[PDB]
>>> print(open('structure-v7.pdb').read())   # PDB, C-alpha atoms and all ligand atoms
ATOM      1  CA  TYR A1316      46.440 -65.066  -0.328  1.00  0.00           C
ATOM      2  CA  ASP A1317      44.688 -68.475  -0.074  1.00  0.00           C
ATOM      3  CA  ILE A1318      40.990 -67.719  -0.824  1.00  0.00           C
ATOM      4  CA  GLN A1319      39.894 -71.134   0.579  1.00  0.00           C
ATOM      5  CA  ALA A1320      41.913 -71.124   3.851  1.00  0.00           C
ATOM      6  CA  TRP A1321      39.097 -69.715   5.944  1.00  0.00           C
ATOM      7  CA  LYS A1322      37.134 -72.968   5.907  1.00  0.00           C
ATOM      8  CA  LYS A1323      39.632 -75.110   7.801  1.00  0.00           C
ATOM      9  CA  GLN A1324      40.390 -72.120  10.054  1.00  0.00           C
ATOM     10  CA  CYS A1325      36.657 -71.955  10.911  1.00  0.00           C
ATOM     11  CA  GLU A1326      36.478 -75.731  11.477  1.00  0.00           C
ATOM     12  CA  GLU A1327      39.369 -75.445  13.964  1.00  0.00           C
ATOM     13  CA  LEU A1328      37.801 -72.481  15.748  1.00  0.00           C
ATOM     14  CA  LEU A1329      34.460 -74.379  15.999  1.00  0.00           C
ATOM     15  CA  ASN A1330      36.377 -77.352  17.475  1.00  0.00           C
ATOM     16  CA  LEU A1331      37.833 -75.051  20.176  1.00  0.00           C
ATOM     17  CA  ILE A1332      34.384 -73.577  20.847  1.00  0.00           C
ATOM     18  CA  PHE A1333      32.844 -77.079  21.204  1.00  0.00           C
ATOM     19  CA  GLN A1334      35.583 -78.072  23.709  1.00  0.00           C
ATOM     20  CA  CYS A1335      34.862 -74.924  25.776  1.00  0.00           C
ATOM     21  CA  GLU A1336      32.437 -75.407  28.709  1.00  0.00           C
ATOM     22  CA  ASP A1337      30.900 -72.019  27.978  1.00  0.00           C
ATOM     23  CA  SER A1338      29.466 -73.337  24.664  1.00  0.00           C
ATOM     24  CA  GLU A1339      27.280 -76.045  26.208  1.00  0.00           C
ATOM     25  CA  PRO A1340      23.975 -74.075  26.140  1.00  0.00           C
ATOM     26  CA  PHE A1341      24.643 -73.211  22.475  1.00  0.00           C
ATOM     27  CA  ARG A1342      25.801 -76.543  20.991  1.00  0.00           C
ATOM     28  CA  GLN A1343      22.302 -77.608  19.877  1.00  0.00           C
ATOM     29  CA  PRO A1344      19.056 -75.698  19.159  1.00  0.00           C
ATOM     30  CA  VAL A1345      17.386 -74.144  22.237  1.00  0.00           C
ATOM     31  CA  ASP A1346      14.967 -76.729  23.664  1.00  0.00           C
ATOM     32  CA  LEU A1347      11.423 -75.505  23.215  1.00  0.00           C
ATOM     33  CA  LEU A1348      10.155 -77.807  25.988  1.00  0.00           C
ATOM     34  CA  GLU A1349      12.639 -76.138  28.418  1.00  0.00           C
ATOM     35  CA  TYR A1350      11.815 -72.575  27.096  1.00  0.00           C
ATOM     36  CA  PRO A1351       8.234 -72.663  25.775  1.00  0.00           C
ATOM     37  CA  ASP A1352       8.060 -68.986  24.815  1.00  0.00           C
ATOM     38  CA  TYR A1353      11.382 -69.014  22.908  1.00  0.00           C
ATOM     39  CA  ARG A1354       9.913 -68.580  19.429  1.00  0.00           C
ATOM     40  CA  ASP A1355       7.686 -65.699  20.627  1.00  0.00           C
ATOM     41  CA  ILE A1356      10.882 -63.632  21.131  1.00  0.00           C
ATOM     42  CA  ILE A1357      13.389 -65.218  18.762  1.00  0.00           C
ATOM     43  CA  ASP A1358      12.647 -65.241  15.038  1.00  0.00           C
ATOM     44  CA  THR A1359      15.736 -67.075  13.828  1.00  0.00           C
ATOM     45  CA  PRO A1360      17.174 -69.756  16.071  1.00  0.00           C
ATOM     46  CA  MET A1361      20.849 -70.602  15.640  1.00  0.00           C
ATOM     47  CA  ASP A1362      23.321 -72.884  17.379  1.00  0.00           C
ATOM     48  CA  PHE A1363      26.885 -74.179  16.864  1.00  0.00           C
ATOM     49  CA  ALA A1364      25.883 -77.622  15.529  1.00  0.00           C
ATOM     50  CA  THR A1365      23.843 -75.881  12.788  1.00  0.00           C
ATOM     51  CA  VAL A1366      26.855 -73.638  11.992  1.00  0.00           C
ATOM     52  CA  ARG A1367      29.217 -76.643  11.839  1.00  0.00           C
ATOM     53  CA  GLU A1368      26.741 -78.579   9.629  1.00  0.00           C
ATOM     54  CA  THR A1369      26.261 -75.610   7.281  1.00  0.00           C
ATOM     55  CA  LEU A1370      30.048 -75.284   6.931  1.00  0.00           C
ATOM     56  CA  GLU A1371      30.515 -79.041   6.318  1.00  0.00           C
ATOM     57  CA  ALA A1372      27.710 -79.115   3.749  1.00  0.00           C
ATOM     58  CA  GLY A1373      29.570 -76.465   1.721  1.00  0.00           C
ATOM     59  CA  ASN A1374      26.767 -73.975   2.329  1.00  0.00           C
ATOM     60  CA  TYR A1375      28.884 -71.008   3.432  1.00  0.00           C
ATOM     61  CA  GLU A1376      30.540 -69.050   0.634  1.00  0.00           C
ATOM     62  CA  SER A1377      32.654 -66.864   2.968  1.00  0.00           C
ATOM     63  CA  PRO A1378      33.711 -66.585   6.609  1.00  0.00           C
ATOM     64  CA  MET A1379      31.528 -63.415   6.809  1.00  0.00           C
ATOM     65  CA  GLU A1380      28.427 -65.605   6.374  1.00  0.00           C
ATOM     66  CA  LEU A1381      29.609 -67.977   9.127  1.00  0.00           C
ATOM     67  CA  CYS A1382      30.396 -65.000  11.384  1.00  0.00           C
ATOM     68  CA  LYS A1383      26.820 -63.610  10.831  1.00  0.00           C
ATOM     69  CA  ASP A1384      25.325 -66.935  12.039  1.00  0.00           C
ATOM     70  CA  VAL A1385      27.670 -67.181  15.076  1.00  0.00           C
ATOM     71  CA  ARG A1386      26.796 -63.576  15.990  1.00  0.00           C
ATOM     72  CA  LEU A1387      23.098 -64.539  15.743  1.00  0.00           C
ATOM     73  CA  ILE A1388      23.680 -67.210  18.447  1.00  0.00           C
ATOM     74  CA  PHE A1389      24.907 -64.427  20.747  1.00  0.00           C
ATOM     75  CA  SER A1390      22.262 -61.845  19.812  1.00  0.00           C
ATOM     76  CA  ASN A1391      19.540 -64.465  20.385  1.00  0.00           C
ATOM     77  CA  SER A1392      20.926 -65.104  23.896  1.00  0.00           C
ATOM     78  CA  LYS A1393      20.963 -61.336  24.592  1.00  0.00           C
ATOM     79  CA  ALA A1394      17.412 -60.895  23.303  1.00  0.00           C
ATOM     80  CA  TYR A1395      16.073 -63.889  25.289  1.00  0.00           C
ATOM     81  CA  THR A1396      17.821 -63.234  28.594  1.00  0.00           C
ATOM     82  CA  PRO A1397      15.564 -61.999  31.389  1.00  0.00           C
ATOM     83  CA  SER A1398      18.615 -60.362  33.022  1.00  0.00           C
ATOM     84  CA  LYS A1399      22.047 -59.118  31.974  1.00  0.00           C
ATOM     85  CA  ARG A1400      23.323 -61.171  34.991  1.00  0.00           C
ATOM     86  CA  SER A1401      21.824 -64.524  33.914  1.00  0.00           C
ATOM     87  CA  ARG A1402      24.112 -67.561  33.800  1.00  0.00           C
ATOM     88  CA  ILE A1403      23.550 -68.503  30.144  1.00  0.00           C
ATOM     89  CA  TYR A1404      23.827 -64.895  28.919  1.00  0.00           C
ATOM     90  CA  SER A1405      27.066 -64.469  30.913  1.00  0.00           C
ATOM     91  CA  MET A1406      28.461 -67.588  29.190  1.00  0.00           C
ATOM     92  CA  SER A1407      27.471 -66.129  25.802  1.00  0.00           C
ATOM     93  CA  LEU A1408      29.458 -62.937  26.489  1.00  0.00           C
ATOM     94  CA  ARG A1409      32.649 -64.835  27.308  1.00  0.00           C
ATOM     95  CA  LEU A1410      32.205 -67.127  24.334  1.00  0.00           C
ATOM     96  CA  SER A1411      31.553 -64.109  22.079  1.00  0.00           C
ATOM     97  CA  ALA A1412      34.767 -62.423  23.260  1.00  0.00           C
ATOM     98  CA  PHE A1413      36.710 -65.625  22.528  1.00  0.00           C
ATOM     99  CA  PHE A1414      35.099 -66.011  19.081  1.00  0.00           C
ATOM    100  CA  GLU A1415      35.703 -62.352  18.093  1.00  0.00           C
ATOM    101  CA  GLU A1416      39.347 -62.575  19.204  1.00  0.00           C
ATOM    102  CA  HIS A1417      39.941 -65.561  16.918  1.00  0.00           C
ATOM    103  CA  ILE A1418      37.701 -64.707  13.913  1.00  0.00           C
ATOM    104  CA  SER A1419      39.297 -61.316  13.288  1.00  0.00           C
ATOM    105  CA  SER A1420      42.387 -62.722  11.489  1.00  0.00           C
ATOM    106  CA  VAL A1421      40.252 -65.240   9.550  1.00  0.00           C
ATOM    107  CA  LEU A1422      38.149 -62.389   8.170  1.00  0.00           C
ATOM    108  CA  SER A1423      41.162 -60.142   7.520  1.00  0.00           C
ATOM    109  CA  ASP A1424      43.089 -62.882   5.703  1.00  0.00           C
ATOM    110  CA  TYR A1425      40.113 -63.847   3.555  1.00  0.00           C
ATOM    111  CA  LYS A1426      39.335 -60.245   2.576  1.00  0.00           C
ATOM    112  CA  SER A1427      43.031 -59.621   1.779  1.00  0.00           C
ATOM    113  CA  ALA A1428      43.196 -62.826  -0.325  1.00  0.00           C
ATOM    114  CA  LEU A1429      40.087 -61.798  -2.281  1.00  0.00           C
ATOM    115  CA  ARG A1430      41.488 -58.297  -2.898  1.00  0.00           C
ATOM    116  CA  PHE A1431      44.715 -59.931  -4.176  1.00  0.00           C
ATOM    117  CA  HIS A1432      42.691 -62.191  -6.484  1.00  0.00           C
ATOM    118  CA  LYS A1433      41.052 -59.060  -8.032  1.00  0.00           C
ATOM    119  CA  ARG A1434      44.209 -56.831  -8.044  1.00  0.00           C
TER
HETATM  120  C1  LIG B   1      18.961 -70.765  26.215  1.00  0.00           C
HETATM  121  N1  LIG B   1      19.523 -69.400  26.037  1.00  0.00           N
HETATM  122  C2  LIG B   1      19.920 -69.037  24.674  1.00  0.00           C
HETATM  123  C3  LIG B   1      18.816 -68.180  24.062  1.00  0.00           C
HETATM  124  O1  LIG B   1      19.188 -67.913  22.785  1.00  0.00           O
HETATM  125  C4  LIG B   1      19.374 -68.407  27.066  1.00  0.00           C
HETATM  126  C5  LIG B   1      18.656 -68.704  28.263  1.00  0.00           C
HETATM  127  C6  LIG B   1      18.640 -67.733  29.255  1.00  0.00           C
HETATM  128  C7  LIG B   1      19.301 -66.517  29.062  1.00  0.00           C
HETATM  129  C8  LIG B   1      19.965 -66.279  27.832  1.00  0.00           C
HETATM  130  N2  LIG B   1      20.017 -67.162  26.862  1.00  0.00           N
END
>>> encode(input="structure-v7.pdb", output="structure tokens")
Amino acid sequence: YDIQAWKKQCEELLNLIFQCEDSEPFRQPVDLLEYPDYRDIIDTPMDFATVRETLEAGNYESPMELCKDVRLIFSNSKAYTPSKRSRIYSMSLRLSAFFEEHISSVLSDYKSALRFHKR
């Protein structure tokens, strides 16, 4: 029932994601010199360094907000991909599966802790 535990749990999960080779295309904002049309398709860029910085700044109130930004990294890759077989998109799907597998208990524990706080 620790309402604050999610933050360190998210820091640890981001550390695992950064050490994963599949995260390399997503560690920093998409390079607009490499992909000149990126902002014509994607309205809201997102990357894991921005998520980590937002967390460290104390600018996430809940793990749901962090999860919405991580999911935006993956939906941006899906929207930008020219093919469902592209290398970077394929990396995003594996990384998404890994993230969802680990974030589920973080979300459950936080929501349970908040319900206990308001019992
Ligand atoms: C650079 N990225 C992330 C786009 O958000 C790509 C590139 C090709 C296919 C899919 N995602």
>>> residues_near_ligand(input="structure-v7.pdb", ligand="ligand LIG 1 (chain B)", cutoff="8 Å", atoms="all atoms listed in the file", output="list in words")
residues 1340, 1341, 1345, 1346, 1350, 1353, 1357, 1360, 1361, 1388, 1389, 1390, 1391, 1392, 1393, 1394, 1395, 1396, 1397, 1398, 1401, 1402, 1403, 1404, 1405 and 1407 of chain A
>>> closest_residue(input="structure-v7.pdb", among="A:1421, A:1385, A:1428, A:1406", to="residue A:1336", atoms="only C-alpha atoms")
A:1406
>>> closest_residue(input="structure-v7.pdb", among="A:1338, A:1377, A:1352, A:1347", to="residue A:1411", atoms="all atoms listed in the file")
A:1338
>>> residues_around(input="structure-v7.pdb", residues="residue A:1366", least_positions_apart="6", cutoff="12 Å", atoms="all atoms listed in the file", output="PyMOL selection string")
chain A and resi 1322+1325-1326+1328-1330+1332-1333+1341-1344+1360+1372-1375+1378+1380-1388
>>> write_last_selection(input="structure-v7.pdb", atoms="C-alpha atoms", output="mmCIF file, in the frame of the given file")
data_model
loop_
_atom_site.group_PDB
_atom_site.id
_atom_site.type_symbol
_atom_site.label_atom_id
_atom_site.label_comp_id
_atom_site.auth_asym_id
_atom_site.auth_seq_id
_atom_site.Cartn_x
_atom_site.Cartn_y
_atom_site.Cartn_z
ATOM 1 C CA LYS A 1322 37.134 -72.968 5.907
ATOM 2 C CA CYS A 1325 36.657 -71.955 10.911
ATOM 3 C CA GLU A 1326 36.478 -75.731 11.477
ATOM 4 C CA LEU A 1328 37.801 -72.481 15.748
ATOM 5 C CA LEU A 1329 34.460 -74.379 15.999
ATOM 6 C CA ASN A 1330 36.377 -77.352 17.475
ATOM 7 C CA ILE A 1332 34.384 -73.577 20.847
ATOM 8 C CA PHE A 1333 32.844 -77.079 21.204
ATOM 9 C CA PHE A 1341 24.643 -73.211 22.475
ATOM 10 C CA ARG A 1342 25.801 -76.543 20.991
ATOM 11 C CA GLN A 1343 22.302 -77.608 19.877
ATOM 12 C CA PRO A 1344 19.056 -75.698 19.159
ATOM 13 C CA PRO A 1360 17.174 -69.756 16.071
ATOM 14 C CA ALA A 1372 27.710 -79.115 3.749
ATOM 15 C CA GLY A 1373 29.570 -76.465 1.721
ATOM 16 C CA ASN A 1374 26.767 -73.975 2.329
ATOM 17 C CA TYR A 1375 28.884 -71.008 3.432
ATOM 18 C CA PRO A 1378 33.711 -66.585 6.609
ATOM 19 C CA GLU A 1380 28.427 -65.605 6.374
ATOM 20 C CA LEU A 1381 29.609 -67.977 9.127
ATOM 21 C CA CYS A 1382 30.396 -65.000 11.384
ATOM 22 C CA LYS A 1383 26.820 -63.610 10.831
ATOM 23 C CA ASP A 1384 25.325 -66.935 12.039
ATOM 24 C CA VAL A 1385 27.670 -67.181 15.076
ATOM 25 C CA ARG A 1386 26.796 -63.576 15.990
ATOM 26 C CA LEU A 1387 23.098 -64.539 15.743
ATOM 27 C CA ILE A 1388 23.680 -67.210 18.447
#
>>> closest_residue(input="structure-v7.pdb", among="A:1327, A:1415, A:1358, A:1317", to="residue A:1427", atoms="all atoms listed in the file")
A:1317
>>> atom_distance(input="structure-v7.pdb", atom1="atom CA of residue A:1424", atom2="atom CA of residue A:1331")
19.6 Å
>>> atom_distance(input="structure-v7.pdb", atom1="atom CA of residue A:1432", atom2="atom CA of residue A:1321")
15.0 Å
>>> atom_distance(input="structure-v7.pdb", atom1="atom CA of residue A:1400", atom2="atom CA of residue A:1364")
25.6 Å
>>> closest_residue(input="structure-v7.pdb", among="A:1324, A:1422, A:1416, A:1362", to="residue A:1339", atoms="all atoms listed in the file")
A:1362
